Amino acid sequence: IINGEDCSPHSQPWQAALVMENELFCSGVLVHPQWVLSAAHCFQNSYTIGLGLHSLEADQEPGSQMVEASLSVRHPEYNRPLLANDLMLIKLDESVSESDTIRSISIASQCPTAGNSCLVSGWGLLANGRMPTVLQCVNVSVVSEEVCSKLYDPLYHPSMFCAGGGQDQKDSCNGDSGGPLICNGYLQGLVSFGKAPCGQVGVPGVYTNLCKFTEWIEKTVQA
């Protein structure tokens, strides 16, 4: 997260850490006691998932759980066309007990509103090119579809939307993939991709447009 700050601890109790040999590579979002939503490009044959974290050391985080998962379902249209439909559902080996620090979040049914100020959270790179010690939070504003398609031509697809690109250079960065974009208290997007390098002035990041996928998510998770 570029030009954000420490989240208030456990203010984002749906946040999931995807770790591989004790290194974070992506985030996800608890959307059901037994399922984490993430970007399809974060796919792995198995996962270690941190719930209830703030720093990435579980033994310093009362209420935290490191859980295993082996099963993931990528959206059937992932990457058709390229970069589009970037979401997947990870089934935890065990359902998780709700607490004050571990809680699911609902997905927005309404599509994003241009001008809406939203929150993105993650453990990805900071402006200084280092990894943060604790979960970072930043506000970014939804941008119009017209600006989004102009900037990301010829790859723009309605499974995507843009947020950020303000003068204050707030953005998602490497390690933030799969993490949540919250608008009006609902899960609106997942960090997906953007221009390298991150934080360029006037360059918003691209988020998976989750309002387009609520039926697919509900049907996969209820099964």
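All residue numbers are counted from 1 along the displayed sequence.
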Between 67-75 and 146-154, name whichever shows the higher mean Cα B factor according to the PDB entry.
67-75
Tell me which of 190-198 and 41-49 has the higher mean C-alpha B-factor in the deposited entry.
190-198
Specify which of 26, 181, 56, 173 carries the largest Cα B factor in the deposited PDB entry.
56
Just to confirm, going by the entry's C-alpha B-factors, which of 115, 132, 112, 81 comes out highest?
132
Taking the chain's C-alpha temperature factors as the reference, tell me which third residue 87 falls into: lowest, middle or highest.
lowest
Ranking the modelled residues of this chain by C-alpha B-factor as given in the entry, is residue 105 in the lowest, middle or highest third?
lowest
Residue 11: C-alpha B-factor third of its chain, per the entry, is the middle
Chain-relative CA temperature factor third for residue 22
highest
Determine, from the deposited record, the chain-internal third of the Cα B-factor for residue 136: lowest, middle or highest.
middle
